[PDB]
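# Notes for the structure review
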Amino acid sequence: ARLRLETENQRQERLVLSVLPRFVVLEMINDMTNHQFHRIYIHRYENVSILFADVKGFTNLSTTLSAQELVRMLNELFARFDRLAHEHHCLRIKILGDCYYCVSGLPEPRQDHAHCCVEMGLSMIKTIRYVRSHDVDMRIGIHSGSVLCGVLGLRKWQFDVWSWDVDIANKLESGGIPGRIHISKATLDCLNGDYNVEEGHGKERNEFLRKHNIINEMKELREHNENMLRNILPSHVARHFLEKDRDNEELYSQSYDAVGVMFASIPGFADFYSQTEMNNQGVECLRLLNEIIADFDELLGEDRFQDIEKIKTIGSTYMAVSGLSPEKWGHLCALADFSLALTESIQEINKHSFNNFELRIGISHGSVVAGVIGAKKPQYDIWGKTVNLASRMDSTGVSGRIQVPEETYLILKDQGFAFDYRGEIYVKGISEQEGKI
Amino acid sequence: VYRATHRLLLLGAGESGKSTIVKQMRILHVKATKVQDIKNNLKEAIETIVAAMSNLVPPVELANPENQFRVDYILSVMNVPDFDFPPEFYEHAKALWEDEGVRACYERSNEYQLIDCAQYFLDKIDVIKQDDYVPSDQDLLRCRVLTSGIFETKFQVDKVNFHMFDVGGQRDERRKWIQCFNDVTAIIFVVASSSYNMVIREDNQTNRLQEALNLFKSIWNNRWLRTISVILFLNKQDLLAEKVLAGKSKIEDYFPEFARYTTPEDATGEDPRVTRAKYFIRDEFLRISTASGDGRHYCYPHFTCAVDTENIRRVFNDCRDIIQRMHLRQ
Ligand SMILES: Nc1nc2c(ncn2[C@@H]2O[C@H](COP(=O)(O)OP(=O)(O)OP(O)(O)=S)[C@@H](O)[C@H]2O)c(=O)[nH]1
Ligand SMILES: C=C[C@@]1(C)CC(=O)[C@]2(O)[C@@]3(C)[C@@H](O)CCC(C)(C)[C@@H]3[C@H](O)[C@H](OC(C)=O)[C@@]2(C)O1
Ligand SMILES: [Mg+2]
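- What the deposited record gives as its method is cryo-EM, and the resolution it gives is 3.54 Å.

## Points about the side chain of B:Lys250
All names here are of chain B.
- Tracing the sequence through the fold places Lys250 in the loop between helix 10 (237–246) and helix 11 (256–260).
- Among the polar contacts made by the side chain of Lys250, one reaches the main-chain carbonyl oxygen of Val244 at a distance of 2.8 Å.
- Setting aside anything within four residues of it in sequence, one finds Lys250 in contact with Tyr196, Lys243 and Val244.

## With respect to the coordination of the magnesium ion (ligand 3)
- Protein coordination at the magnesium ion (ligand 3) comes from B:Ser19 (OG) and B:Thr147 (OG1), with a distance range of 2.1 to 2.4 Å. Note on accessibility: B:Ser19 and B:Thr147 belong to one class, buried.

## Overview of the site of ligand 2
Residue and element names in this part refer to chain A.
- Neighbouring residues of ligand 2: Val161, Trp162, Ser163, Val166, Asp167, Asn170, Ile266, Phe269, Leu289, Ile314, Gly315 and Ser316.
- Between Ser163 and ligand 2, the recorded distance is 3.3 Å, taken from a backbone N or O atom to an oxygen atom.
- Of all the elements, helix 6 (residues 164–175) adds the most residues to the shell around ligand 2, at 3 residues.
- Tallied by class, residues from the shell around ligand 2 come to 7 nonpolar, 4 polar and 1 charged.
- Taken together, domain 1 (35–214) and domain 2 (250–433) each give at least three residues to the shell around ligand 2, which thus spans both.

## As for the packing of aromatic side chains
- As enumerated under the stated definition, the model contains 30 aromatic pairs over all chains in all.
- Aromatic pair A:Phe37 and B:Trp224: ring centres 4.8 Å apart, planes at 35°, arrangement tilted. Highlighted residues: A:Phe37 in the loop between helix 2 (22–32) and strand 1 (43–50) and B:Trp224 in the loop between helix 9 (208–220) and strand 5 (231–235), drawn from two different chains.
- Assessed through its relative accessible area of 2%, B:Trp224 is described here as buried.
- Measuring from centroid to centroid gives 5.1 Å for A:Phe52 and A:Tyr101, while their planes differ by 10°, and the two rings are stacked. In this pair, A:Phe52 is assigned in the loop between strand 1 and helix 3 (58–61) and A:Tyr101 in strand 3 (residues 99–104), connecting sequence segments 49 residues apart. Here A:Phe52 and A:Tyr101 have matching classes, each one buried.
- Three or more aromatic residues joined by ring pairs make a cluster, and in this case those are A:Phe296, A:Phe305, A:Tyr318 and A:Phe338.
- Directly above the aromatic system of B:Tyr120 lies the positively charged group of B:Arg142, at a separation of 4.8 Å from the ring centroid.

## So, the domain arrangement of chain A
Residue and element names in this part refer to chain A.
- Domain boundaries in chain A define domain 1 (35–214) and domain 2 (250–433).
- Measuring from the centre of the C-alpha atoms in domain 1 to the corresponding centre in domain 2 gives 24 Å.
- Counting residues at the interface gives 38 residues for domain 1 and 36 residues for domain 2.
- Between domain 1 and domain 2 lies a buried interface of about 3,600 Å² when both sides are counted; carbon and sulfur atoms form 61% of it.
- Counting the surface domain 1 buries against domain 2, the share from its top three residues, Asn75, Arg155 and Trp164, is 16%.
- Along the contact surface separating domain 1 from domain 2 lie 1 salt bridge.
- Taking the shortest distance from any N to any O, the salt bridge between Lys377 and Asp82 comes out at 3.8 Å.
- Applying the counting criterion to the domain 1 and domain 2 interface returns 11 residue pairs in polar contact.
- Mapped by element, the contributors of at least two residues to the side of domain 1 that touches domain 2 are helix 3, helix 4 (67–87), strand 2 (90–96) and strand 5 (160–162).
- Looking at the side of domain 1 that touches domain 2 residue by residue, the classes come out as 17 nonpolar, 11 polar and 10 charged.

## Side note on the site of ligand 1
All names here are of chain B.
- Taken together, 24 residues form the shell around ligand 1, and within it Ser19, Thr20, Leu141, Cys143 and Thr147 come nearest.
- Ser19 is positioned such that a nitrogen or oxygen atom in its side chain is 2.6 Å from an oxygen atom of ligand 1.
- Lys236 has a polar side-chain atom sitting 2.9 Å from a nitrogen atom of ligand 1.
- The protein chains hide 99% of the 670 Å² of surface that ligand 1 would expose on its own.
- Sorting the residues of the shell around ligand 1 by element identifies helix 1 (18–28), helix 8 (137–142) and helix 10 as the ones contributing at least two each.
- With 3 residues, helix 1 is the single largest residue contributor to the shell around ligand 1.
- A class-by-class count of the residues in the shell around ligand 1 yields 8 nonpolar, 9 polar and 7 charged.
- No fewer than three residues from each of domain 1 (6–30 + 147–327) and domain 2 (32–142) sit in the shell around ligand 1.

## Some words on the pairing of strand 1 (residues 6–10) of chain B
Residues and elements named next belong to chain B.
- By the criterion of burial, strand 1 is predominantly enclosed, with 5 of the 5 residues buried.
- Where strand 1 lies against strand 3 (residues 160–166), 5 bridges are found, and the strand directions are parallel. Bridging across to strand 3, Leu8 finds its partner in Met164.
- Sheet analysis places strand 1 next to strand 4 (residues 186–192), joined by 2 bridges and oriented parallel. Paired with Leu9 across the two strands is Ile187, which belongs to strand 4.

## Comments concerning the UniProt feature "binding site: Mg(2+)" in chain B
Residue and element names in this part refer to chain B.
- Taking the numbering used here, the UniProt-annotated feature "binding site: Mg(2+)" corresponds to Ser19 and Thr147.
- Structurally, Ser19 can be placed in helix 1.
- Those residues within four positions of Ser19 in sequence are excluded, and the remaining contacts are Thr147 and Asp166.
- Position of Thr147 among the secondary structure elements: in the loop between helix 8 and strand 2 (151–157).
- In contact with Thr147, other than residues within four places in its own chain, are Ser19, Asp166, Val167, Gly168 and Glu173.

## Concerning the interface of chain B and chain A
- The partner chain A presents 17 residues to the 20 residues of chain B that form the contact.
- Remark: the boundary between chain B and chain A carries 1 salt bridge.
- Across the pair A:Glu291 and B:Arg223 runs a salt bridge, and its minimum N-O distance is 2.4 Å.
- Each residue belonging to the side of chain B that touches chain A can be placed in one class, and the counts come to 10 nonpolar, 4 polar and 6 charged.

## Looking at the side chain of A:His113
- Mapped onto the secondary structure, A:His113 falls in the loop between strand 3 and helix 5 (114–132).
- Contacts of A:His113, omitting those with residues within four sequence positions, involve A:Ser49, A:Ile50, A:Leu51, A:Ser104, A:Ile142 and A:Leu191.

The rules behind these values
- Residues numbered from 1 in each chain as written, not as in the entry; some residues may be left out.
- Chains lettered and ligands numbered in written order.
- Heavy atoms only, no water.
- Helix = DSSP H or I, 4+ residues; strand = E, 2+ residues; numbered from the N terminus.
- Polar contact = N/O pair within 3.5 Å; in protein donor to acceptor, adjacent residues only side chain to side chain.
- Contact = heavy atoms within 4.5 Å.
- Donors = N, O, S within 2.8 Å, 3.2 Å for Na, K, Ca; no water.
- Buried < 20%, exposed > 50% of the residue type's maximum accessible area, 1.4 Å probe, protein only.
- Near = heavy atom within 4 Å.
- Nonpolar A, V, L, I, M, F, W, Y, C, P; charged D, E, K, R; others polar.
- Domains from an automatic or database assignment.
- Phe/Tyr/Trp six-rings, centres within 6.5 Å; stacked < 30°, edge-to-face > 60°.
- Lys NZ or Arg CZ within 6 Å of the ring centre and 35° of its normal.
- Buried area = accessible area lost by both parts, 1.4 Å probe.
- Salt bridge = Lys/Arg side-chain N within 4 Å of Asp/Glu carboxyl O.
- Areas by Shrake-Rupley, 256 points an atom, 1.4 Å probe, with all protein chains shown as cover.
- Pairing = 2+ DSSP bridges.
- UniProt positions renumbered as here; feature names shortened; annotations may be inferred.

Quick look at the structure:
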């Protein structure tokens, strides 16, 4: 019995340690065995380098082939991505839409990020060769600096990194020049001077900040690990990942018909962030952000929202799906209640702090394909046309107001028909969303 | 040795005397630009006096028509932000200050916004004409300056280390306070008492003391600062005493609950009205504290005067004993 328990506990521990590296999971597990603030696991780190990726032609391929096959190709490309990355001392942080970023030497100091740059070039040429056998070109953005690493929230924790340097890296990747790297000075001075690089971008990104783009004990341990499993990944996906068929079946997926998707965003937080000398490196700002996200998650768990499942948080952006687990359109009403409760929560945390924050909300309905895209790292995810429709409705929205797809309900009244936003697929004039009456 | 460093911060509305209390503490125990600041404070004081001479809704007469030329001179130099320090303009300002109209405008300065030190600074004109004297400690503590970014100051007493956190009081800076809401030993709340009659310059409608009290209600009831037990240092007491003794304005002009209020039993040359004024502001802060009390934060009111020194050292000794007690987490 002791041998069997030890083996199963080791398997479960390894399943956790696939994500959430050791230096933070140790602190969590220490805290479980026994506060003016909600407590946060961020640690400062130096000499880190951030790579970024983005499919430039995702709008040129999402409409053509259905969601299932697109997920197939995305899974194979991202499996190559992850394997080739783990080859070169790089660890994925997250997958969001099509974006994919990794750091250099976060758990321990390390440098020579140019090797990962040429590695990215080789991987990208392999992907375009495979796709040709549709524009799938992608832009490289890499910036060097110091970051703060940790996790936020009380549900679906994921490894995440925040800083101004990662913001510069994001802007560098958002610049453009597909197939070519953004190797701004912070990397030239660090790596070497013998590398052959060009003069940099002429002008594509906003001229701001001058980026210079140039047996009982074992049972207790098992209970703790099971709690952390239940706090990280979904139940059925965790069960499927615990036993065999983790790697034999590369892609785990399923398409669903009556699905809703909700996005929420906080644009003003980039205003409040400030890396001065008094607040350590902005750690207090991330403490406030963790408080916001913790309030959102604490609101989620309540009995009034059972069919909605939080998926991910991109910065201050909340992604929540509906209809994934069938156990009628009352779930879209639940999603609308979710948006309303989120707005009241952010207003409450506004009044508790001494600044202003507003929410941009976008809802959509349709059929999705949901599954896990990474075998080594369990990252449940969604895909489909309605996903990017919701993303655009969130990004092409007005702060403090809720935008809604074609009206399929009448319980709580809406308003604001005259929008006729151009969108990205086609023009579509649909109303907006206020509260109940 | 993180605990052994008693770090504490001061929160309050604008011009509540927190920077002055920090400077007075620093000189109590641990230049050219300073003299420049003296001169500039004088310049803005006289500039605001003569601007509100005419801009005030009830017009105020001038003592002599001959000084209308100097009034026009100061009006011309009003819009000008150049750092001009000529002796001729010093003589002009001296001429204005001896006019009864300018003094009456200063007495009626409660209508508009003016720096508090002006009157004292208006008696330093004769010696600031020379511009060569070394300023005294009282002169240094009378100097007026704004604070926007939060500031940290080292401190050592009885062979232990303290830390001063002086933050801004303007609404623009009120978002920055959360940057220092963690791991602070105590809060030294400071509210300008005599500014009960003034109003904020951020909106030009709400009273400075009312805004300060609402900020105190927010800070005391903040869901993240519940185990820190704020300590109250109401500044501005001397100007409050001279203002109530003047009799032109009273608390009932804004708070008739004072007119209903009666003196408490903890009374300490004195007058009843000033004593009950300071006790009433203390009791209003204590009411906000206790009505929002949660059994973990305790308010210890203590009356302070930044320009004074003996009061500063006495109240600082009392507060240092309190912080020494609270450090052990009794
Ligand atoms: N006569 C007198 N003057 C005082 C007293 N306390 C402070 N002052 C003067 O009032 C002025 C304002 O003080 P100050 O420290 O600048 O306020 P503050 O709260 O720091 O200003 P802010 O950053 O919130 S906007 C100072 O120049 C000081 O000399 C006092 O008790 N009596
Ligand atoms: C909270 C952190 C802060 C201020 C800085 C930062 O690094 C970000 O978190 C990144 C860049 C960063 O986390 C990398 C992912 C992604 C999704 C690109 C973030 C968003 O752009 C955030 O902006 C938002 C709020 O959307 C942003 C920029 O906000
Ligand atoms: Mg100040």
